[PDB]
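Below you will find one chain, with nothing else, as structure tokens; this is the form deposited in one PDB entry, and questions on how it binds or moves follow later.
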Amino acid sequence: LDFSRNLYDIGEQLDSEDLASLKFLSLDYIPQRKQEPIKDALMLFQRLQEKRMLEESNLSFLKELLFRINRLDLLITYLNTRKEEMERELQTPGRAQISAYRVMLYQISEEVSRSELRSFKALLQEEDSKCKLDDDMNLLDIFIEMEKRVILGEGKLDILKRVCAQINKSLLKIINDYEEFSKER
């Protein structure tokens, strides 16, 4: 089967939410300020090709992205890859190419409900005045804004924890599990 055609086929099944998620998960290869021209998934895939992160004989990053955005359907149809295989692969030390920090933030975004997102905005406003926040922003946009204002980063989780602890233990658990494993180092 044809590599380029397959990339297009996958791209056609990815929606605007998927694209925004994939862009977020690609941050420690495609800097935030270089993502604006990327208007669809195929364009993201072409940027990854240019970086030799994606090629005919190297599908590992594409598989990891699709797995972490939960497009198990596309992994089966277009990449003949199962959830079981990805769990085994990504649980092997060194195999994952997305940073534990970036995965951690993404996993918080997956858990947060619409009402919890309203709470996150309100609580962050109590903790910080530097961020520009509005009602239309999703949690990933909030994280990007927190990073812009240098109140969130790999070793700077204080505000994130203060907000999450007031929303749901589940979120704080994601952060604490990440922190523990990171210091294990």
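Start at 1 with the first residue shown and count on from there.
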query: Comparing 91-99 with 76-84, which stretch shows the greater average C-alpha B-factor in the deposited entry?
result: 91-99
message: Mean CA temperature factor from the deposited coordinates, higher in 51-59 or in 29-37?
response: 29-37
query: From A122, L133, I159, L44, can you pick the one with the highest C-alpha B factor in the entry?
result: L133
statement: Quick tally, chain-level thirds of C-alpha B-factors: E64 sits in the lowest
- prompt: Of the three thirds of its chain by CA temperature factor, lowest, middle or highest, which one includes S129?
  reply: highest
task: Name the third of the chain's ranked CA B-factors that contains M137, choosing lowest, middle or highest.
output: highest
query: Where does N176 sit by CA temperature factor within its chain: lowest, middle or highest third?
result: highest
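Note that the form solved in complex with a partner chain isn't included here; everything after this is about it.
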task: Verify the flagged residues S60, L65 and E85 against its partner chain in the bound PDB entry: is each one within 4.5 Å by a non-hydrogen atom?
output: no
query: According to a 4.5 angstroms non-hydrogen atom cut-off, is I38 in contact with its partner chain in the bound PDB entry?
result: no
